[PDB]
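Each answer follows from the model by the rule given with it, or from the source it names; nothing here is a laboratory result. Cβ coordinates were reconstructed from backbone atoms using ideal geometry, including for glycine residues, and neighbour counts include every protein chain displayed.
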Amino acid sequence: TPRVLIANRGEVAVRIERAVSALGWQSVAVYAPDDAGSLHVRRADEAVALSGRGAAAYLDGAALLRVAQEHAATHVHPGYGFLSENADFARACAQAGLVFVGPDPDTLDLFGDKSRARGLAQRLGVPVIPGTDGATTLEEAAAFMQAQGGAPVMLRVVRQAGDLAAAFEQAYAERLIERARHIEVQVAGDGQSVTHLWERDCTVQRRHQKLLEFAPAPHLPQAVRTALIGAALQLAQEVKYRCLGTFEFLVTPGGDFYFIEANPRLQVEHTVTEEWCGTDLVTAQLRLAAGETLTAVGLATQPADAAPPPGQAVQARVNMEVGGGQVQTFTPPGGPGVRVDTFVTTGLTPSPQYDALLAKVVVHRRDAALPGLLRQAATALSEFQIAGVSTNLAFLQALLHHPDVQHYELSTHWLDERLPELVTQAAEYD
Amino acid sequence: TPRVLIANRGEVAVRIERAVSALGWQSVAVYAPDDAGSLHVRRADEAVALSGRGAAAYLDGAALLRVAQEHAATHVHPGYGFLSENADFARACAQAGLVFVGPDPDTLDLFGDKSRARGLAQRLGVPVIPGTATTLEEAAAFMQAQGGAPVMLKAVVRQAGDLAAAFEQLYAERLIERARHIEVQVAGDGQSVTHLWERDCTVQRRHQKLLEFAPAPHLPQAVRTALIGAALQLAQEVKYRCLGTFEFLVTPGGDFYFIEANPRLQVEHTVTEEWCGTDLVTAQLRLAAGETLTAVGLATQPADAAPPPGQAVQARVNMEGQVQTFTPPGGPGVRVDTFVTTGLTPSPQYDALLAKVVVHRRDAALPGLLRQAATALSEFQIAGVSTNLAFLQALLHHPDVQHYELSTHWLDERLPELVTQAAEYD
């Protein structure tokens, strides 16, 4: 029976402890003292204190390897963030007789390298953003910028050939892709075959942090869907992918797409796909790591144009925001069509060592119309009673009532452009 | 846009507010003053105080009709309990231009009368429990013809000589031993009928359900198909509209007997919802407003339709003070339906139900569901009132429940054992 070391904390470590229990396996959690009131502590079958201090304590690869040895772990689940994309760490697990819950280290190395992941995309016919592939010839950043014809470029954002030398100095030539949606494809594999759980749309972002994530992508034509999934399946198949991974794209209004990132791990938003599709991704992920087939783990091996599930779901990230305080009242929404993934209980004082996430609220219904889903999600959020720390709950409600979200007339820059209006609107919910 | 008067309170009234909302419709809630801390007050689009007191307040038919008139309601949802089986009330709604969310009043009468419903089952070939107008010389004659098997009087006698002494404290029927409680969920649009398969509610404390399973664990398909086909006969026969449940006792070899037709939503609709991936209450409302099964998203399907994969169970968390801490479980595979929030003081005018906890998984093996259920309940933080949480845990860990080697008399027989056991979980 596996003994799974959860090399992570917070809402993901809780998540993992619940999939481990569902399998009849055992879990070993780790914690830093400033994290000790976290639900992931109590929820493990056994929790092991780290001698490190902060976020640092969870990133000490050799410390985690000591924990694993000392407590007879067989498997290491890195969750997301921390060491989930660290190929050396995966190697070191492998070396110590531990199975890393993730693809092979060579695949970690590949998808973690901008230049190798691009070249792979290019060799398979998968479009990528126009850019400088490596280094940056740099007086010429101007030359590529001149080749973009007046269109803006990201290093900072450079809009004029004149502004380049000065903006550049502040601190690698990519075309700025404007008016696009962020659409990503969930993959799974067993090392022989690959499959998919369709898509998610994570377009509503605040300085590149995702706030609202939708499965399906609203108002997406099937032809674009089947193309996105086909691209993702080609990437995964080419590396003989094992376990879970997500392939991220920017998609223009007319359905052009650009491969932007391969995340070779579980993601925060895996929850929306779970509730839309009626599937447990994390038990599947664990079983795939332990050597079962897609068919044995209960994932259908399906083509890119497979008809998507009916219904719809959205996840909202509830954040503390910044600030401090001890959590005094904390009573997340529940009941039909709502699911909440957290680590927070009453009397917790969150530590600034860790990100601002307090809870993820997933809302799901079985009809197709977006406005009805947004109304349901706003209601569920309005039932979230938090006292003692400040949150984004009003801001989430302003998002969910905004017309442009109601028609999904959105791009990845939508929110940053409208931040003052949205902050005004949020005071009606405060 | 309909405005639905919710003639009820507590968790079901919150349930119905949620379904009305999903539809883009409007709710009007009602409450007695001592119930004003309930979630169903604030969760409704508009809430109205009753001038009655406690439970009585909610049973005042004419008062409710006055609320409906004054607030321009169009539909009345009676939930379950209270006036949900009251045919006179249903008639009165219709008279006042309010659509009663449930079947026609002639069906409420029929299914509310033991002798008419027995009679219907009999005409249709559906077995009913042997039984009896009393006369002690009808009771003792029946007891004899049962050749020594026990018998119940209602509305428990083991020996002929024990009868008359026992009698006075009425009709008589065979006591059905070693049976499971299996019930079939029906839905109709008045033209056609369909089902969402079965539930098992065998674990009972003096006839009060505590754990309710969908599907019925370790049920042969042949027995499923028969149960469903019997229920579908009963419902097609009355051209049933809306939701209704047909309950049976089932022997270990698969004999079954019709025991009750509940022509309404039930408390344990929630387990079927999670197992099947269906919203029964929005269907029910749409069905009451005259859409077809098809139009409301319900497959019209035969008795032998293959059941959905996975499994689900509901546990009823009961107060059995002021609620100082209330933090229900959550996360993947759990759903909690309540009305309670921190600082509510429960009124002893209303039943002991605090929360329904529904746990759902997509594999087949029962012990793993039980384990999941137990772990969810261990996360339920309640302070200020006493609950049945530890008791519920002892149920979930018991080997007989793990093997589903149960009957409707199982818990009652083992109550001291289980009460001992529960002590380990607090």
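Are any residues in the range B:274-314 of a type in the set (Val, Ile, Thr) and either within 30 Å of B:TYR404 (Cα to Cα) or away from chain A (no Cβ under 14 Å) (or both), and if so, which ones?
In the first step, residues of the range B:274-314 are kept if they are of a type in the set (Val, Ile, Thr); the result is B:278, B:281-282, B:292, B:294, B:296, B:300, B:313.
Scanning the range B:274-314 gives B:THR278, B:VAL281, B:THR292, B:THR294, B:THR300, B:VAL313.
Which members of the range A:301-343 meet the condition of being over 22 Å from the mean Cα position of the chain (by Cα), surrounded by 19 or more Cβ atoms within 10 Å (Cβ to Cβ) and assigned to a strand (DSSP E or B)?
A:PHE330 - this is the single residue of the range A:301-343 that is over 22 Å from the mean Cα position of the chain (by Cα), surrounded by 19 or more Cβ atoms within 10 Å (Cβ to Cβ) and assigned to a strand (DSSP E or B).
Any residue at all in the range A:191-199 that's under 28 Å from A:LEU381 (Cβ atoms), in contact with an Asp or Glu (Cβ under 9 Å, 6 or more places away or on another chain) and of a type outside the set (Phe, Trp, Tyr)?
Of the range A:191-199, the ones under 28 Å from A:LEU381 (Cβ atoms) are A:197-199.
Those still in the list that are in contact with an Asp or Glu (Cβ under 9 Å, 6 or more places away or on another chain) too: A:197, A:199.
Subsequent filtering for residues that are of a type outside the set (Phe, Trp, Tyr) retains A:197, A:199.
Yes: one or more hits.
Which of the residues belonging to the range B:398-416 are surrounded by fewer than 17 Cβ atoms within 10 Å (Cβ to Cβ), within 26 Å of A:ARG43 (Cα to Cα) and within 25 Å of the chain's Cα centre (by Cα)? Show your work before the answer.
Here is the first cut: in the range B:398-416, the residues surrounded by fewer than 17 Cβ atoms within 10 Å (Cβ to Cβ) are B:399-400, B:402-403, B:405, B:409, B:412-416.
Narrowing further to those that are within 26 Å of A:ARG43 (Cα to Cα): B:399, B:402.
Correct list: B:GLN402 only.
Consider B:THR74 against the criteria (1) under 30 Å from B:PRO348 (Cα atoms); (2) of a type in the set (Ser, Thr, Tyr); (3) touching a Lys or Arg at 6+ places or on another chain (Cβ under 8 Å); (4) surrounded by fewer than 21 Cβ atoms within 10 Å (Cβ to Cβ): it satisfies all of them except one. Which criterion is unmet?
(1)
What number goes with the only condition from (1) more than 14 Å from every other protein chain (Cβ to nearest Cβ); (2) buried (at least 18 other Cβ atoms within 10 Å of the Cβ) that A:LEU419 does not pass?
(2)
Any idea which of A:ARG66, A:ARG116 is over 26 Å from A:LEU281 (Cα atoms), touching an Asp or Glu at 6+ places or on another chain (Cβ under 8 Å) and not in a loop (DSSP other than H, G, I, E, B)? So that I can check it myself, show each step before the final result.
Values: A:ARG66 fails: touching an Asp or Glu at 6+ places or on another chain (Cβ under 8 Å).
Result of the check over A:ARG66, A:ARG116: A:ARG116.
Since B:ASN262 meets every condition but one in (1) under 16 Å from the mean Cα position of the chain (by Cα); (2) crowded, with 24+ Cβ neighbours inside 10 Å; (3) under 30 Å from B:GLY97 (Cα atoms), which condition does it not meet?
The one condition B:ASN262 does not meet is (2).
Those residues that are among the basic types (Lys, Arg) and either at positive phi or surrounded by fewer than 18 Cβ atoms within 10 Å (Cβ to Cβ) (or both), I need them from the range B:36-54; list them, please.
Taking the range B:36-54 as the starting set, the residues that turn out to be among the basic types (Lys, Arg) are B:42-43, B:53.
Across the range B:36-54, the qualifying residues are B:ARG42, B:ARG53.
Collect the residues in the range B:98-110 that are over 27 Å from B:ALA352 (Cα atoms) and either in a helix (DSSP H, G or I) or assigned by CATH to the domain that holds B:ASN262 (or both), keeping them in residue-number order.
B:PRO105, B:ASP106, B:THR107, B:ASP109, B:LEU110
Could you grab me the full set of residues in the range A:4-26 that are under 18 Å from A:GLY61 (Cα atoms) and more than 19 Å from the chain's Cα centre (by Cα)?
Answer for the range A:4-26, where residues must be under 18 Å from A:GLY61 (Cα atoms) and more than 19 Å from the chain's Cα centre (by Cα): A:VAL4, A:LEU5.
Just name the residue that is farthest from the other protein chains (Cβ to nearest Cβ) out of those in the range A:364-387 that are under 14 Å from B:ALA19 (Cα atoms) and not in a helix (DSSP H, G or I).
That would be A:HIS364.
Return the only residue of B:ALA164, B:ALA187 being touching a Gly at 6+ places or on another chain (Cβ under 9 Å) and outside any loop (DSSP other than H, G, I, E, B).
Values: B:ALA164 fails: touching a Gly at 6+ places or on another chain (Cβ under 9 Å).
From the options B:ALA164, B:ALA187, the qualifying one is B:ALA187.
Among (1) surrounded by 18 or more Cβ atoms within 10 Å (Cβ to Cβ); (2) under 22 Å from the mean Cα position of the chain (by Cα); (3) away from every other protein chain (no Cβ under 14 Å), where does B:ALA68 come up short?
Among (1) surrounded by 18 or more Cβ atoms within 10 Å (Cβ to Cβ); (2) under 22 Å from the mean Cα position of the chain (by Cα); (3) away from every other protein chain (no Cβ under 14 Å), B:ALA68 violates only (2).
Please verify whether the range A:306-322 includes one or more residues that are closer than 18 Å to A:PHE214 by Cα and in contact with a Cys (Cβ under 6 Å, 6 or more places away or on another chain).
yes
Output the residues belonging to the range A:203-257 that are crowded, with 21+ Cβ neighbours inside 10 Å, hydroxyl-bearing (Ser, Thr, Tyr) and in a loop (DSSP other than H, G, I, E, B).
The answer is A:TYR241, and nothing else.
Can you name the residue in the range A:352-363 that is under 22 Å from A:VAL41 (Cβ atoms) and crowded, with 18+ Cβ neighbours inside 10 Å and is also farthest from the other protein chains (Cβ to nearest Cβ) among such residues? Give the steps one after another, and end with the answer.
Within the range A:352-363, the first condition is being under 22 Å from A:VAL41 (Cβ atoms), and the residues that meet it are A:352-360.
Filter again for crowded, with 18+ Cβ neighbours inside 10 Å, leaving A:354, A:357-360.
On the way: A:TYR354: 19, A:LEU357: 15, A:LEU358: 13, A:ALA359: 9, A:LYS360: 10 Å.
That would be A:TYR354.
When you scan the range B:80-97, how many residues do you find that are assigned to a loop (DSSP other than H, G, I, E, B) and within 16 Å of B:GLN284 (Cα to Cα)?
First, pick out the residues of the range B:80-97 that are assigned to a loop (DSSP other than H, G, I, E, B): B:80-86, B:96-97.
Those left that are additionally within 16 Å of B:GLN284 (Cα to Cα): B:80, B:84-85.
Looking only at that region, the number is 3.
Assigned to a loop (DSSP other than H, G, I, E, B) and either within 14 Å of chain A (Cβ to nearest Cβ) or within 18 Å of the chain's Cα centre (by Cα) (or both), is that true of B:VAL267? Lay out the reasoning, then the answer.
Working: assigned to a loop (DSSP other than H, G, I, E, B): yes; either within 14 Å of chain A (Cβ to nearest Cβ) or within 18 Å of the chain's Cα centre (by Cα) (or both): yes.
When the stated conditions are applied, B:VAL267 passes them.
Taking only the range A:321-332 into account, find how many residues are in contact with a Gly (Cβ under 9 Å, 6 or more places away or on another chain) and either more than 9 Å from chain B (Cβ to nearest Cβ) or closer than 22 Å to A:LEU400 by Cβ (or both).
To start, the set of residues in the range A:321-332 that are in contact with a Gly (Cβ under 9 Å, 6 or more places away or on another chain) comprises A:325-330, A:332.
Checking the rest, the ones that are also either more than 9 Å from chain B (Cβ to nearest Cβ) or closer than 22 Å to A:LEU400 by Cβ (or both) come to A:325-328, A:330, A:332.
Total meeting the criteria: 6.
Identify, from the list B:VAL334, B:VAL313, the residue that is of a type in the set (A, V, I, L, M, F, W, C) and more than 16 Å from A:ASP280 (Cβ to Cβ). Spell out the reasoning first.
Details: B:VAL334 fails: more than 16 Å from A:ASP280 (Cβ to Cβ).
Answer to the check: B:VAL313.
Failed condition for B:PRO346, given (1) within 14 Å of another protein chain (Cβ to nearest Cβ); (2) surrounded by 19 or more Cβ atoms within 10 Å (Cβ to Cβ); (3) in a loop (DSSP other than H, G, I, E, B), with all others met?
Every listed condition holds for B:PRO346 apart from (1).
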